[PDB]
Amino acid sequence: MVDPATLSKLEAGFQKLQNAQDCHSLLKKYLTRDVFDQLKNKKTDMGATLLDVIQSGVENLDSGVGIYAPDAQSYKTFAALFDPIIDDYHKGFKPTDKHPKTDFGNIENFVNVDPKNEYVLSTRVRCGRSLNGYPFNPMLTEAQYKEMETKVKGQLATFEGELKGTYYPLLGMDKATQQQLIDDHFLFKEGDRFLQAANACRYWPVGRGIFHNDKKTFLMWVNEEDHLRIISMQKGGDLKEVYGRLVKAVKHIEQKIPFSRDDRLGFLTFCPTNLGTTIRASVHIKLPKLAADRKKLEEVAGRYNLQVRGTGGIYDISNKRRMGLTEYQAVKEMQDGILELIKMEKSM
């Protein structure tokens, strides 16, 4: 299966990890001699090897995680490394644990969390999707990139109503269109060194592109870090509208384009930190009184499993959990935690 030069590079990679004293990656922690020897000779049907998993962490010793999935099967083929790292990063998701079946849940249970616009500047829900049958960035060919983009454009063209918009291929993008997408904060470029070393930006920019709806309240990136990155956002705190819009879009795409979904892991992506729901629900919020006692703000946010990161007292607050809960649960606890943060603010 695996050719001797790959095996030798894999061994040289292992040794580098072992000799890097200040390396803190999950790759280094869980790639033991035993795991390495167990996997090094294995290869997915699409031809991915352990090197296709490991290379970025070898090259980039300062990586947090240090590995990526070159295809869907790689999660299984190299489970003996993915499982312990998934467990570590997702804070207790064991080899035997299972992610729930998809459930976007009852849209009517979502509200506007700040109807008077007193606190929440903006709301945003994002998910990732791989398309069924395709390898991930580390293994995709130029022809695959192109043919996948073709399919995606098919579905983009048939969005209706609020979701209708424009597709902008990076290939042949003029500098005026570029400048507009920069001003919009909608453009992506070739990735950093972590992505380069993972071979996640080859054949650039073939098959890469950007779609937004007319109102610029919906955004897709095609073939950045994942086949699809799907984002709904707007000013204010109407999470109902934002979440509802995302879900409508995913189901429209899925009409004719099946996604890669695993029973154990949920929706499969190029990065293991982004499995399960793949959902990041967030708001930008101004909390004047809580901002003055961040200890209390982190603590309260913590009760609802929310992360707080800054930027005048503004914070981005989002769900930290992706795996082991439904789409509905993830966004509902975000909603509940923001409501409670608002009630806290008002009361103080």
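Note that residue numbering follows the sequence shown and begins at 1.
Chemist: Quick one: classify how much of the deposited chain lacks coordinates between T311 and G312, choosing none, 1 to 3, 4 to 9, or 10 or more.
Modeler: Missing residues, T311 to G312: 4 to 9.
Chemist: Could you check the entry and say whether 300 to 308 or 41 to 49 has the higher mean CA B-factor?
Modeler: Higher mean C-alpha B-factor in the PDB entry: 300 to 308.
Chemist: For the C-alpha atoms alone, is the average B factor greater in 136 to 144 or in 113 to 121, going by the entry?
Modeler: The deposited B-factors put 113 to 121 ahead on the C-alpha mean.
Chemist: When you compare the CA B-factors of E241, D88, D184, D262 as listed in the entry, which one comes out on top?
Modeler: Among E241, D88, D184, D262, the highest C-alpha B-factor in the entry belongs to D88.
Chemist: Taking the C-alpha B-factors as the PDB entry records them, is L61 in the lowest, middle or highest third of its chain?
Modeler: Highest third of the chain for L61's C-alpha B-factor.
Chemist: Sort the modelled residues of this chain by their C-alpha B factor and say whether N223 lands in the lowest, middle or highest third.
Modeler: CA B-factor rank for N223: lowest third.
Chemist: Ranked by Cα temperature factor within the chain, is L287 in the lowest third, the middle third or the highest third?
Modeler: For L287, whose C-alpha B-factor we compare with every modelled residue in the chain, the answer is the highest third.
Chemist: If you rank every modelled residue in this chain by C-alpha B factor, which third holds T96: lowest, middle or highest?
Modeler: Answer is highest: the recorded C-alpha B-factor places it there.
Chemist: Relative to the other modelled residues in the chain, which third contains the C-alpha temperature factor of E254: lowest, middle or highest?
Modeler: Ranked within chain, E254 CA B lands in the middle tercile.
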